[PDB]
>>> print(open('query.pdb').read())   # PDB, N, CA and C atoms and all ligand atoms
ATOM      1  N   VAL A   1       9.264 -29.887-125.481  1.00  0.00           N
ATOM      2  CA  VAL A   1       9.718 -30.469-124.193  1.00  0.00           C
ATOM      3  C   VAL A   1       8.677 -31.426-123.624  1.00  0.00           C
ATOM      4  N   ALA A   2       8.973 -32.720-123.686  1.00  0.00           N
ATOM      5  CA  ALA A   2       8.061 -33.738-123.176  1.00  0.00           C
ATOM      6  C   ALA A   2       7.874 -33.600-121.668  1.00  0.00           C
ATOM      7  N   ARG A   3       7.005 -32.678-121.267  1.00  0.00           N
ATOM      8  CA  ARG A   3       6.738 -32.444-119.852  1.00  0.00           C
ATOM      9  C   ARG A   3       5.404 -31.728-119.658  1.00  0.00           C
ATOM     10  N   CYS A   4       4.471 -32.389-118.981  1.00  0.00           N
ATOM     11  CA  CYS A   4       3.161 -31.808-118.726  1.00  0.00           C
ATOM     12  C   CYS A   4       3.296 -30.544-117.884  1.00  0.00           C
ATOM     13  N   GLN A   5       3.205 -29.392-118.542  1.00  0.00           N
ATOM     14  CA  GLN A   5       3.334 -28.103-117.865  1.00  0.00           C
ATOM     15  C   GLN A   5       1.990 -27.575-117.369  1.00  0.00           C
ATOM     16  N   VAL A   6       1.175 -28.454-116.795  1.00  0.00           N
ATOM     17  CA  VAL A   6      -0.123 -28.051-116.273  1.00  0.00           C
ATOM     18  C   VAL A   6      -0.002 -27.627-114.808  1.00  0.00           C
ATOM     19  N   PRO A   7      -0.334 -26.360-114.491  1.00  0.00           N
ATOM     20  CA  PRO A   7      -0.252 -25.833-113.126  1.00  0.00           C
ATOM     21  C   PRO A   7      -0.714 -26.835-112.067  1.00  0.00           C
ATOM     22  N   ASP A   8      -1.912 -27.378-112.256  1.00  0.00           N
ATOM     23  CA  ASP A   8      -2.469 -28.343-111.313  1.00  0.00           C
ATOM     24  C   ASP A   8      -1.843 -29.726-111.492  1.00  0.00           C
ATOM     25  N   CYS A   9      -1.214 -29.954-112.643  1.00  0.00           N
ATOM     26  CA  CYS A   9      -0.586 -31.241-112.921  1.00  0.00           C
ATOM     27  C   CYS A   9       0.802 -31.060-113.534  1.00  0.00           C
ATOM     28  N   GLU A  10       1.829 -31.154-112.696  1.00  0.00           N
ATOM     29  CA  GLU A  10       3.207 -31.013-113.155  1.00  0.00           C
ATOM     30  C   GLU A  10       3.829 -32.384-113.396  1.00  0.00           C
ATOM     31  N   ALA A  11       3.489 -32.986-114.531  1.00  0.00           N
ATOM     32  CA  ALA A  11       4.000 -34.306-114.881  1.00  0.00           C
ATOM     33  C   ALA A  11       5.301 -34.212-115.672  1.00  0.00           C
ATOM     34  N   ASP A  12       6.089 -35.283-115.625  1.00  0.00           N
ATOM     35  CA  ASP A  12       7.360 -35.332-116.339  1.00  0.00           C
ATOM     36  C   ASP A  12       7.331 -36.412-117.418  1.00  0.00           C
ATOM     37  N   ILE A  13       6.438 -36.244-118.387  1.00  0.00           N
ATOM     38  CA  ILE A  13       6.298 -37.199-119.479  1.00  0.00           C
ATOM     39  C   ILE A  13       7.526 -37.189-120.389  1.00  0.00           C
ATOM     40  N   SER A  14       8.649 -37.679-119.872  1.00  0.00           N
ATOM     41  CA  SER A  14       9.887 -37.722-120.642  1.00  0.00           C
ATOM     42  C   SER A  14       9.916 -38.926-121.581  1.00  0.00           C
ATOM     43  N   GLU A  15       9.074 -39.920-121.306  1.00  0.00           N
ATOM     44  CA  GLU A  15       9.018 -41.120-122.130  1.00  0.00           C
ATOM     45  C   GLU A  15       7.576 -41.500-122.457  1.00  0.00           C
ATOM     46  N   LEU A  16       6.991 -40.809-123.431  1.00  0.00           N
ATOM     47  CA  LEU A  16       5.619 -41.076-123.842  1.00  0.00           C
ATOM     48  C   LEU A  16       5.544 -41.335-125.345  1.00  0.00           C
ATOM     49  N   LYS A  17       4.504 -42.046-125.768  1.00  0.00           N
ATOM     50  CA  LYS A  17       4.319 -42.361-127.182  1.00  0.00           C
ATOM     51  C   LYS A  17       2.869 -42.151-127.598  1.00  0.00           C
ATOM     52  N   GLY A  18       2.506 -40.899-127.839  1.00  0.00           N
ATOM     53  CA  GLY A  18       1.152 -40.578-128.246  1.00  0.00           C
ATOM     54  C   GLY A  18       1.009 -39.139-128.699  1.00  0.00           C
ATOM     55  N   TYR A  19      -0.229 -38.658-128.758  1.00  0.00           N
ATOM     56  CA  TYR A  19      -0.495 -37.287-129.176  1.00  0.00           C
ATOM     57  C   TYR A  19      -0.489 -36.329-127.982  1.00  0.00           C
ATOM     58  N   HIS A  20      -0.045 -36.823-126.828  1.00  0.00           N
ATOM     59  CA  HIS A  20       0.008 -36.007-125.618  1.00  0.00           C
ATOM     60  C   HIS A  20       1.429 -35.505-125.371  1.00  0.00           C
ATOM     61  N   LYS A  21       2.411 -36.273-125.835  1.00  0.00           N
ATOM     62  CA  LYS A  21       3.812 -35.908-125.666  1.00  0.00           C
ATOM     63  C   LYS A  21       4.198 -34.763-126.598  1.00  0.00           C
ATOM     64  N   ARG A  22       3.456 -34.617-127.694  1.00  0.00           N
ATOM     65  CA  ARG A  22       3.724 -33.563-128.666  1.00  0.00           C
ATOM     66  C   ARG A  22       2.949 -32.288-128.336  1.00  0.00           C
ATOM     67  N   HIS A  23       2.554 -32.137-127.075  1.00  0.00           N
ATOM     68  CA  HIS A  23       1.807 -30.959-126.647  1.00  0.00           C
ATOM     69  C   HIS A  23       2.039 -30.665-125.166  1.00  0.00           C
ATOM     70  N   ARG A  24       3.166 -31.140-124.638  1.00  0.00           N
ATOM     71  CA  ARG A  24       3.508 -30.924-123.235  1.00  0.00           C
ATOM     72  C   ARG A  24       2.344 -31.302-122.319  1.00  0.00           C
ATOM     73  N   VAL A  25       1.821 -32.509-122.505  1.00  0.00           N
ATOM     74  CA  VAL A  25       0.709 -32.999-121.699  1.00  0.00           C
ATOM     75  C   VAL A  25       0.804 -34.510-121.504  1.00  0.00           C
ATOM     76  N   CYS A  26       0.452 -34.972-120.308  1.00  0.00           N
ATOM     77  CA  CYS A  26       0.507 -36.395-119.995  1.00  0.00           C
ATOM     78  C   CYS A  26      -0.776 -37.103-120.428  1.00  0.00           C
ATOM     79  N   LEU A  27      -0.738 -38.432-120.430  1.00  0.00           N
ATOM     80  CA  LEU A  27      -1.894 -39.229-120.825  1.00  0.00           C
ATOM     81  C   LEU A  27      -3.075 -38.986-119.890  1.00  0.00           C
ATOM     82  N   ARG A  28      -2.789 -38.880-118.595  1.00  0.00           N
ATOM     83  CA  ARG A  28      -3.829 -38.649-117.597  1.00  0.00           C
ATOM     84  C   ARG A  28      -4.651 -37.411-117.943  1.00  0.00           C
ATOM     85  N   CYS A  29      -3.992 -36.409-118.513  1.00  0.00           N
ATOM     86  CA  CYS A  29      -4.666 -35.175-118.897  1.00  0.00           C
ATOM     87  C   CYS A  29      -5.412 -35.358-120.213  1.00  0.00           C
ATOM     88  N   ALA A  30      -4.775 -36.051-121.153  1.00  0.00           N
ATOM     89  CA  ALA A  30      -5.381 -36.305-122.454  1.00  0.00           C
ATOM     90  C   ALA A  30      -6.672 -37.105-122.300  1.00  0.00           C
ATOM     91  N   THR A  31      -6.724 -37.928-121.257  1.00  0.00           N
ATOM     92  CA  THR A  31      -7.897 -38.751-120.984  1.00  0.00           C
ATOM     93  C   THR A  31      -8.831 -38.059-119.996  1.00  0.00           C
ATOM     94  N   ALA A  32      -8.253 -37.270-119.097  1.00  0.00           N
ATOM     95  CA  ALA A  32      -9.032 -36.547-118.098  1.00  0.00           C
ATOM     96  C   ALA A  32     -10.001 -35.564-118.751  1.00  0.00           C
ATOM     97  N   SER A  33      -9.746 -35.229-120.014  1.00  0.00           N
ATOM     98  CA  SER A  33     -10.596 -34.297-120.752  1.00  0.00           C
ATOM     99  C   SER A  33     -10.355 -32.860-120.298  1.00  0.00           C
ATOM    100  N   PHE A  34     -10.640 -32.585-119.029  1.00  0.00           N
ATOM    101  CA  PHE A  34     -10.453 -31.247-118.479  1.00  0.00           C
ATOM    102  C   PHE A  34      -9.451 -31.263-117.328  1.00  0.00           C
ATOM    103  N   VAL A  35      -8.727 -30.160-117.168  1.00  0.00           N
ATOM    104  CA  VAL A  35      -7.735 -30.040-116.107  1.00  0.00           C
ATOM    105  C   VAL A  35      -7.894 -28.722-115.357  1.00  0.00           C
ATOM    106  N   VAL A  36      -7.744 -28.775-114.037  1.00  0.00           N
ATOM    107  CA  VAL A  36      -7.877 -27.583-113.205  1.00  0.00           C
ATOM    108  C   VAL A  36      -6.672 -26.659-113.373  1.00  0.00           C
ATOM    109  N   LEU A  37      -6.508 -26.124-114.579  1.00  0.00           N
ATOM    110  CA  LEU A  37      -5.399 -25.223-114.871  1.00  0.00           C
ATOM    111  C   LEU A  37      -5.449 -23.994-113.966  1.00  0.00           C
ATOM    112  N   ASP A  38      -4.588 -23.018-114.243  1.00  0.00           N
ATOM    113  CA  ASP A  38      -4.530 -21.792-113.449  1.00  0.00           C
ATOM    114  C   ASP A  38      -5.913 -21.167-113.288  1.00  0.00           C
ATOM    115  N   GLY A  39      -6.594 -21.522-112.200  1.00  0.00           N
ATOM    116  CA  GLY A  39      -7.919 -20.986-111.935  1.00  0.00           C
ATOM    117  C   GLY A  39      -8.835 -21.047-113.144  1.00  0.00           C
ATOM    118  N   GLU A  40      -8.621 -22.039-114.000  1.00  0.00           N
ATOM    119  CA  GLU A  40      -9.437 -22.200-115.199  1.00  0.00           C
ATOM    120  C   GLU A  40      -9.341 -23.622-115.740  1.00  0.00           C
ATOM    121  N   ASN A  41     -10.492 -24.210-116.051  1.00  0.00           N
ATOM    122  CA  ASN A  41     -10.538 -25.566-116.583  1.00  0.00           C
ATOM    123  C   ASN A  41     -10.301 -25.561-118.090  1.00  0.00           C
ATOM    124  N   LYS A  42      -9.212 -26.191-118.516  1.00  0.00           N
ATOM    125  CA  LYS A  42      -8.873 -26.253-119.930  1.00  0.00           C
ATOM    126  C   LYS A  42      -9.265 -27.596-120.532  1.00  0.00           C
ATOM    127  N   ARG A  43      -9.619 -27.585-121.813  1.00  0.00           N
ATOM    128  CA  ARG A  43     -10.017 -28.802-122.510  1.00  0.00           C
ATOM    129  C   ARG A  43      -9.100 -29.068-123.700  1.00  0.00           C
ATOM    130  N   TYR A  44      -8.523 -30.264-123.740  1.00  0.00           N
ATOM    131  CA  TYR A  44      -7.623 -30.641-124.823  1.00  0.00           C
ATOM    132  C   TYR A  44      -8.344 -30.630-126.166  1.00  0.00           C
ATOM    133  N   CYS A  45      -8.068 -29.607-126.970  1.00  0.00           N
ATOM    134  CA  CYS A  45      -8.688 -29.476-128.284  1.00  0.00           C
ATOM    135  C   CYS A  45      -8.005 -30.391-129.296  1.00  0.00           C
ATOM    136  N   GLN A  46      -8.712 -31.433-129.717  1.00  0.00           N
ATOM    137  CA  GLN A  46      -8.170 -32.386-130.680  1.00  0.00           C
ATOM    138  C   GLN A  46      -7.993 -31.753-132.062  1.00  0.00           C
ATOM    139  N   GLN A  47      -8.565 -30.566-132.254  1.00  0.00           N
ATOM    140  CA  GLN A  47      -8.467 -29.873-133.534  1.00  0.00           C
ATOM    141  C   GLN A  47      -7.120 -29.167-133.682  1.00  0.00           C
ATOM    142  N   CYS A  48      -6.600 -28.644-132.576  1.00  0.00           N
ATOM    143  CA  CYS A  48      -5.322 -27.938-132.596  1.00  0.00           C
ATOM    144  C   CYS A  48      -4.263 -28.670-131.775  1.00  0.00           C
ATOM    145  N   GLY A  49      -4.709 -29.488-130.827  1.00  0.00           N
ATOM    146  CA  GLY A  49      -3.784 -30.227-129.992  1.00  0.00           C
ATOM    147  C   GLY A  49      -3.492 -29.518-128.684  1.00  0.00           C
ATOM    148  N   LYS A  50      -3.329 -28.201-128.753  1.00  0.00           N
ATOM    149  CA  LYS A  50      -3.043 -27.402-127.566  1.00  0.00           C
ATOM    150  C   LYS A  50      -4.251 -27.367-126.633  1.00  0.00           C
ATOM    151  N   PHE A  51      -4.122 -26.630-125.534  1.00  0.00           N
ATOM    152  CA  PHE A  51      -5.201 -26.514-124.559  1.00  0.00           C
ATOM    153  C   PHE A  51      -6.103 -25.326-124.881  1.00  0.00           C
ATOM    154  N   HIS A  52      -7.376 -25.441-124.514  1.00  0.00           N
ATOM    155  CA  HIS A  52      -8.344 -24.378-124.758  1.00  0.00           C
ATOM    156  C   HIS A  52      -9.239 -24.170-123.541  1.00  0.00           C
ATOM    157  N   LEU A  53     -10.049 -23.117-123.580  1.00  0.00           N
ATOM    158  CA  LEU A  53     -10.954 -22.811-122.479  1.00  0.00           C
ATOM    159  C   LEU A  53     -12.244 -23.618-122.596  1.00  0.00           C
ATOM    160  N   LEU A  54     -12.668 -24.210-121.483  1.00  0.00           N
ATOM    161  CA  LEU A  54     -13.885 -25.011-121.460  1.00  0.00           C
ATOM    162  C   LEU A  54     -15.138 -24.160-121.705  1.00  0.00           C
ATOM    163  N   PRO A  55     -15.225 -22.942-121.125  1.00  0.00           N
ATOM    164  CA  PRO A  55     -16.396 -22.078-121.315  1.00  0.00           C
ATOM    165  C   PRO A  55     -16.543 -21.596-122.757  1.00  0.00           C
ATOM    166  N   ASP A  56     -15.484 -21.756-123.546  1.00  0.00           N
ATOM    167  CA  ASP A  56     -15.504 -21.337-124.941  1.00  0.00           C
ATOM    168  C   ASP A  56     -15.735 -22.531-125.866  1.00  0.00           C
ATOM    169  N   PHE A  57     -16.662 -23.399-125.478  1.00  0.00           N
ATOM    170  CA  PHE A  57     -16.980 -24.583-126.270  1.00  0.00           C
ATOM    171  C   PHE A  57     -18.464 -24.624-126.619  1.00  0.00           C
ATOM    172  N   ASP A  58     -18.806 -25.411-127.635  1.00  0.00           N
ATOM    173  CA  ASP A  58     -20.192 -25.542-128.068  1.00  0.00           C
ATOM    174  C   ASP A  58     -20.557 -27.007-128.280  1.00  0.00           C
ATOM    175  N   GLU A  59     -21.774 -27.246-128.762  1.00  0.00           N
ATOM    176  CA  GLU A  59     -22.245 -28.604-129.009  1.00  0.00           C
ATOM    177  C   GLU A  59     -21.546 -29.211-130.221  1.00  0.00           C
ATOM    178  N   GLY A  60     -21.196 -28.362-131.182  1.00  0.00           N
ATOM    179  CA  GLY A  60     -20.525 -28.834-132.379  1.00  0.00           C
ATOM    180  C   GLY A  60     -19.131 -29.359-132.095  1.00  0.00           C
ATOM    181  N   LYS A  61     -19.020 -30.671-131.917  1.00  0.00           N
ATOM    182  CA  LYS A  61     -17.734 -31.300-131.639  1.00  0.00           C
ATOM    183  C   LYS A  61     -17.131 -30.755-130.348  1.00  0.00           C
ATOM    184  N   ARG A  62     -15.989 -31.310-129.955  1.00  0.00           N
ATOM    185  CA  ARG A  62     -15.309 -30.880-128.738  1.00  0.00           C
ATOM    186  C   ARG A  62     -14.052 -30.082-129.067  1.00  0.00           C
ATOM    187  N   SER A  63     -14.235 -28.964-129.763  1.00  0.00           N
ATOM    188  CA  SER A  63     -13.116 -28.110-130.145  1.00  0.00           C
ATOM    189  C   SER A  63     -13.516 -26.639-130.098  1.00  0.00           C
ATOM    190  N   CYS A  64     -12.540 -25.758-130.293  1.00  0.00           N
ATOM    191  CA  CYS A  64     -12.793 -24.321-130.274  1.00  0.00           C
ATOM    192  C   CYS A  64     -13.843 -23.939-131.310  1.00  0.00           C
ATOM    193  N   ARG A  65     -14.471 -22.784-131.113  1.00  0.00           N
ATOM    194  CA  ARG A  65     -15.499 -22.305-132.032  1.00  0.00           C
ATOM    195  C   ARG A  65     -14.984 -21.141-132.871  1.00  0.00           C
ATOM    196  N   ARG A  66     -13.690 -21.162-133.177  1.00  0.00           N
ATOM    197  CA  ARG A  66     -13.076 -20.107-133.974  1.00  0.00           C
ATOM    198  C   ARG A  66     -12.484 -20.671-135.261  1.00  0.00           C
ATOM    199  N   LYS A  67     -12.781 -20.019-136.379  1.00  0.00           N
ATOM    200  CA  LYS A  67     -12.276 -20.457-137.677  1.00  0.00           C
ATOM    201  C   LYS A  67     -12.740 -21.876-137.991  1.00  0.00           C
ATOM    202  N   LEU A  68     -13.942 -22.215-137.536  1.00  0.00           N
ATOM    203  CA  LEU A  68     -14.501 -23.542-137.769  1.00  0.00           C
ATOM    204  C   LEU A  68     -15.099 -23.644-139.168  1.00  0.00           C
ATOM    205  N   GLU A  69     -15.608 -22.523-139.672  1.00  0.00           N
ATOM    206  CA  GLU A  69     -16.210 -22.487-140.999  1.00  0.00           C
ATOM    207  C   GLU A  69     -15.687 -21.301-141.803  1.00  0.00           C
ATOM    208  N   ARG A  70     -15.563 -21.490-143.113  1.00  0.00           N
ATOM    209  CA  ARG A  70     -15.072 -20.435-143.994  1.00  0.00           C
ATOM    210  C   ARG A  70     -15.356 -20.775-145.454  1.00  0.00           C
ATOM    211  N   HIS A  71     -15.022 -21.999-145.846  1.00  0.00           N
ATOM    212  CA  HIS A  71     -15.239 -22.450-147.216  1.00  0.00           C
ATOM    213  C   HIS A  71     -16.573 -23.180-147.341  1.00  0.00           C
ATOM    214  N   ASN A  72     -17.653 -22.413-147.447  1.00  0.00           N
ATOM    215  CA  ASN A  72     -18.987 -22.988-147.574  1.00  0.00           C
ATOM    216  C   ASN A  72     -19.845 -22.162-148.527  1.00  0.00           C
ATOM    217  N   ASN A  73     -20.011 -20.883-148.209  1.00  0.00           N
ATOM    218  CA  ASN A  73     -20.808 -19.986-149.040  1.00  0.00           C
ATOM    219  C   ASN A  73     -19.914 -19.146-149.945  1.00  0.00           C
ATOM    220  N   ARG A  74     -18.778 -19.713-150.340  1.00  0.00           N
ATOM    221  CA  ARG A  74     -17.837 -19.016-151.209  1.00  0.00           C
ATOM    222  C   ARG A  74     -18.312 -19.046-152.658  1.00  0.00           C
ATOM    223  N   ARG A  75     -18.982 -17.978-153.078  1.00  0.00           N
ATOM    224  CA  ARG A  75     -19.491 -17.882-154.441  1.00  0.00           C
ATOM    225  C   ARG A  75     -19.412 -16.448-154.952  1.00  0.00           C
ATOM    226  N   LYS A  76     -19.459 -16.290-156.271  1.00  0.00           N
ATOM    227  CA  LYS A  76     -19.395 -14.969-156.886  1.00  0.00           C
ATOM    228  C   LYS A  76     -20.615 -14.721-157.770  1.00  0.00           C
ATOM    229  N   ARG A  77     -21.593 -14.000-157.229  1.00  0.00           N
ATOM    230  CA  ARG A  77     -22.813 -13.695-157.967  1.00  0.00           C
ATOM    231  C   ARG A  77     -22.768 -12.279-158.532  1.00  0.00           C
ATOM    232  N   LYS A  78     -23.575 -12.034-159.561  1.00  0.00           N
ATOM    233  CA  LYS A  78     -23.632 -10.722-160.195  1.00  0.00           C
ATOM    234  C   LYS A  78     -25.035 -10.436-160.724  1.00  0.00           C
ATOM    235  N   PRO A  79     -25.894  -9.795-159.907  1.00  0.00           N
ATOM    236  CA  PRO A  79     -27.268  -9.473-160.309  1.00  0.00           C
ATOM    237  C   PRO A  79     -27.324  -8.374-161.365  1.00  0.00           C
ATOM    238  N   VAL A  80     -26.251  -7.596-161.470  1.00  0.00           N
ATOM    239  CA  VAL A  80     -26.188  -6.514-162.442  1.00  0.00           C
ATOM    240  C   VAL A  80     -25.455  -6.959-163.707  1.00  0.00           C
ATOM    241  N   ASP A  81     -24.132  -7.053-163.621  1.00  0.00           N
ATOM    242  CA  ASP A  81     -23.319  -7.472-164.760  1.00  0.00           C
ATOM    243  C   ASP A  81     -23.549  -6.562-165.965  1.00  0.00           C
ATOM    244  N   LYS A  82     -23.274  -5.272-165.788  1.00  0.00           N
ATOM    245  CA  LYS A  82     -23.448  -4.299-166.862  1.00  0.00           C
ATOM    246  C   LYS A  82     -23.095  -2.895-166.385  1.00  0.00           C
ATOM    247  N   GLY A  83     -23.461  -2.586-165.146  1.00  0.00           N
ATOM    248  CA  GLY A  83     -23.177  -1.276-164.592  1.00  0.00           C
ATOM    249  C   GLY A  83     -24.116  -0.209-165.116  1.00  0.00           C
ATOM    250  N   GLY A  84     -24.006   0.996-164.564  1.00  0.00           N
ATOM    251  CA  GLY A  84     -24.857   2.089-164.995  1.00  0.00           C
ATOM    252  C   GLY A  84     -24.545   2.547-166.406  1.00  0.00           C
ATOM    253  N   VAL A  85     -25.199   3.621-166.837  1.00  0.00           N
ATOM    254  CA  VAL A  85     -24.986   4.159-168.176  1.00  0.00           C
ATOM    255  C   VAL A  85     -25.291   5.653-168.222  1.00  0.00           C
ATOM    256  N   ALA A  86     -26.416   6.042-167.628  1.00  0.00           N
ATOM    257  CA  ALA A  86     -26.821   7.442-167.601  1.00  0.00           C
ATOM    258  C   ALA A  86     -26.762   8.005-166.186  1.00  0.00           C
TER     259      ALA A  86
HETATM  260 ZN    ZN A 101      -0.982 -33.892-116.792  1.00  0.00          ZN
HETATM  261 ZN    ZN A 102      -8.636 -25.461-131.079  1.00  0.00          ZN
END
>>> encode(input="query.pdb", output="structure tokens", more="lines below")
Ligand SMILES: [Zn+2]
Ligand SMILES: [Zn+2]
Amino acid sequence: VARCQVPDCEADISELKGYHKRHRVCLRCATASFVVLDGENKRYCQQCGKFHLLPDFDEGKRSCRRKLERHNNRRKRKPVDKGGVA
């Protein structure tokens, strides 16, 4: 539904052409960076598109800090490769 459903900003983006219309958010919000949501400032996460919590951010880019890394130390080592015997 092309409509900015932001508590502090109830916009009716019925005719938009960008990455804000595909997330129920107006351009003003997409550019505003942060919005005074329900007693909480949310930040448009370009990684997921949806809104996120500002206090849950870090220096590493402007996105959530969850599931940011996983495929890095993926290796299979074997210091034994024989097992016990006695
Ligand atoms: Zn808005
Ligand atoms: Zn995110």
>>> resolve_selection(input="query.pdb", expression="the PyMOL selection byres (((chain A and resi 48 and name CA) around 12) and not hetatm and name CA)", output="CSV table (one decimal) with N, CA and C atoms, in the coordinates of the input")
chain,number,residue,atom,x,y,z
A,19,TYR,N,-0.2,-38.7,-128.8
A,19,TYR,CA,-0.5,-37.3,-129.2
A,19,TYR,C,-0.5,-36.3,-128.0
A,20,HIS,N,0.0,-36.8,-126.8
A,20,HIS,CA,0.0,-36.0,-125.6
A,20,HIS,C,1.4,-35.5,-125.4
A,22,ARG,N,3.5,-34.6,-127.7
A,22,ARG,CA,3.7,-33.6,-128.7
A,22,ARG,C,2.9,-32.3,-128.3
A,23,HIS,N,2.6,-32.1,-127.1
A,23,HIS,CA,1.8,-31.0,-126.6
A,23,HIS,C,2.0,-30.7,-125.2
A,43,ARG,N,-9.6,-27.6,-121.8
A,43,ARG,CA,-10.0,-28.8,-122.5
A,43,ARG,C,-9.1,-29.1,-123.7
A,44,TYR,N,-8.5,-30.3,-123.7
A,44,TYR,CA,-7.6,-30.6,-124.8
A,44,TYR,C,-8.3,-30.6,-126.2
A,45,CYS,N,-8.1,-29.6,-127.0
A,45,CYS,CA,-8.7,-29.5,-128.3
A,45,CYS,C,-8.0,-30.4,-129.3
A,46,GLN,N,-8.7,-31.4,-129.7
A,46,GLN,CA,-8.2,-32.4,-130.7
A,46,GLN,C,-8.0,-31.8,-132.1
A,47,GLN,N,-8.6,-30.6,-132.3
A,47,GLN,CA,-8.5,-29.9,-133.5
A,47,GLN,C,-7.1,-29.2,-133.7
A,49,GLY,N,-4.7,-29.5,-130.8
A,49,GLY,CA,-3.8,-30.2,-130.0
A,49,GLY,C,-3.5,-29.5,-128.7
A,50,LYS,N,-3.3,-28.2,-128.8
A,50,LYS,CA,-3.0,-27.4,-127.6
A,50,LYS,C,-4.3,-27.4,-126.6
A,51,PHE,N,-4.1,-26.6,-125.5
A,51,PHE,CA,-5.2,-26.5,-124.6
A,51,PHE,C,-6.1,-25.3,-124.9
A,52,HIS,N,-7.4,-25.4,-124.5
A,52,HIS,CA,-8.3,-24.4,-124.8
A,52,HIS,C,-9.2,-24.2,-123.5
A,62,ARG,N,-16.0,-31.3,-130.0
A,62,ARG,CA,-15.3,-30.9,-128.7
A,62,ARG,C,-14.1,-30.1,-129.1
A,63,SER,N,-14.2,-29.0,-129.8
A,63,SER,CA,-13.1,-28.1,-130.1
A,63,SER,C,-13.5,-26.6,-130.1
A,64,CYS,N,-12.5,-25.8,-130.3
A,64,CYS,CA,-12.8,-24.3,-130.3
A,64,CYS,C,-13.8,-23.9,-131.3
A,65,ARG,N,-14.5,-22.8,-131.1
A,65,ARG,CA,-15.5,-22.3,-132.0
A,65,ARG,C,-15.0,-21.1,-132.9
A,66,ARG,N,-13.7,-21.2,-133.2
A,66,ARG,CA,-13.1,-20.1,-134.0
A,66,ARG,C,-12.5,-20.7,-135.3
A,67,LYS,N,-12.8,-20.0,-136.4
A,67,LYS,CA,-12.3,-20.5,-137.7
A,67,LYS,C,-12.7,-21.9,-138.0
A,68,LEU,N,-13.9,-22.2,-137.5
A,68,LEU,CA,-14.5,-23.5,-137.8
A,68,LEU,C,-15.1,-23.6,-139.2
>>> axis_aligned_box(input="query.pdb", around="segment 23-28 of chain A", padding_each_side="8 Å", output="lines of an AutoDock Vina configuration file")
center_x = -0.6
center_y = -34.9
center_z = -122.3
size_x = 24.2
size_y = 24.6
size_z = 25.5
>>> closest_residue(input="query.pdb", among="A:37, A:86, A:9, A:53", to="ligand ZN 102 (chain A)", atoms="all atoms listed in the file")
A:53
>>> select_by_dssp(input="query.pdb", residues="chain A", states="alpha helix (DSSP H)", output="PyMOL selection string")
chain A and resi 27-32
>>> atom_distance(input="query.pdb", atom1="atom N of residue 42 of chain A", atom2="atom C of residue 54 of chain A")
7.0 Å
>>> select_by_dssp(input="query.pdb", residues="chain A", states="strand (DSSP E or B)", output="PyMOL selection string")
chain A and resi 5-6+9-10+34-37+40-44+51-53+57+64
>>> resolve_selection(input="query.pdb", expression="the PyMOL selection byres (((not hetatm)) within 6 of (chain A and resi 101))", output="PyMOL selection string")
chain A and resi 4+6+9-11+25-29
>>> write_last_selection(input="query.pdb", atoms="N, CA and C atoms", output="PDB file, in the coordinates of the input")
ATOM      1  N   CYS A   4       4.471 -32.389-118.981  1.00  0.00           N
ATOM      2  CA  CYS A   4       3.161 -31.808-118.726  1.00  0.00           C
ATOM      3  C   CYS A   4       3.296 -30.544-117.884  1.00  0.00           C
ATOM      4  N   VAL A   6       1.175 -28.454-116.795  1.00  0.00           N
ATOM      5  CA  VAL A   6      -0.123 -28.051-116.273  1.00  0.00           C
ATOM      6  C   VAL A   6      -0.002 -27.627-114.808  1.00  0.00           C
ATOM      7  N   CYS A   9      -1.214 -29.954-112.643  1.00  0.00           N
ATOM      8  CA  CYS A   9      -0.586 -31.241-112.921  1.00  0.00           C
ATOM      9  C   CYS A   9       0.802 -31.060-113.534  1.00  0.00           C
ATOM     10  N   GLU A  10       1.829 -31.154-112.696  1.00  0.00           N
ATOM     11  CA  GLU A  10       3.207 -31.013-113.155  1.00  0.00           C
ATOM     12  C   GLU A  10       3.829 -32.384-113.396  1.00  0.00           C
ATOM     13  N   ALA A  11       3.489 -32.986-114.531  1.00  0.00           N
ATOM     14  CA  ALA A  11       4.000 -34.306-114.881  1.00  0.00           C
ATOM     15  C   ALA A  11       5.301 -34.212-115.672  1.00  0.00           C
ATOM     16  N   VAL A  25       1.821 -32.509-122.505  1.00  0.00           N
ATOM     17  CA  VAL A  25       0.709 -32.999-121.699  1.00  0.00           C
ATOM     18  C   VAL A  25       0.804 -34.510-121.504  1.00  0.00           C
ATOM     19  N   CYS A  26       0.452 -34.972-120.308  1.00  0.00           N
ATOM     20  CA  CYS A  26       0.507 -36.395-119.995  1.00  0.00           C
ATOM     21  C   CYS A  26      -0.776 -37.103-120.428  1.00  0.00           C
ATOM     22  N   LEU A  27      -0.738 -38.432-120.430  1.00  0.00           N
ATOM     23  CA  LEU A  27      -1.894 -39.229-120.825  1.00  0.00           C
ATOM     24  C   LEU A  27      -3.075 -38.986-119.890  1.00  0.00           C
ATOM     25  N   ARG A  28      -2.789 -38.880-118.595  1.00  0.00           N
ATOM     26  CA  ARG A  28      -3.829 -38.649-117.597  1.00  0.00           C
ATOM     27  C   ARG A  28      -4.651 -37.411-117.943  1.00  0.00           C
ATOM     28  N   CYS A  29      -3.992 -36.409-118.513  1.00  0.00           N
ATOM     29  CA  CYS A  29      -4.666 -35.175-118.897  1.00  0.00           C
ATOM     30  C   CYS A  29      -5.412 -35.358-120.213  1.00  0.00           C
TER      31      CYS A  29
END
>>> atom_distance(input="query.pdb", atom1="atom CA of residue 71 of chain A", atom2="atom CA of residue 56 of chain A")
22.3 Å
>>> residues_around(input="query.pdb", residues="residue 15 of chain A", least_positions_apart="4", cutoff="10 Å", atoms="only C-alpha atoms", output="mmCIF file with N, CA and C atoms, in the coordinates of the input")
data_model
loop_
_atom_site.group_PDB
_atom_site.id
_atom_site.type_symbol
_atom_site.label_atom_id
_atom_site.label_comp_id
_atom_site.auth_asym_id
_atom_site.auth_seq_id
_atom_site.Cartn_x
_atom_site.Cartn_y
_atom_site.Cartn_z
ATOM 1 N N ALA A 2 8.973 -32.720 -123.686
ATOM 2 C CA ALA A 2 8.061 -33.738 -123.176
ATOM 3 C C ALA A 2 7.874 -33.600 -121.668
ATOM 4 N N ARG A 3 7.005 -32.678 -121.267
ATOM 5 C CA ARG A 3 6.738 -32.444 -119.852
ATOM 6 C C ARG A 3 5.404 -31.728 -119.658
ATOM 7 N N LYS A 21 2.411 -36.273 -125.835
ATOM 8 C CA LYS A 21 3.812 -35.908 -125.666
ATOM 9 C C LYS A 21 4.198 -34.763 -126.598
ATOM 10 N N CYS A 26 0.452 -34.972 -120.308
ATOM 11 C CA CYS A 26 0.507 -36.395 -119.995
ATOM 12 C C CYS A 26 -0.776 -37.103 -120.428
#
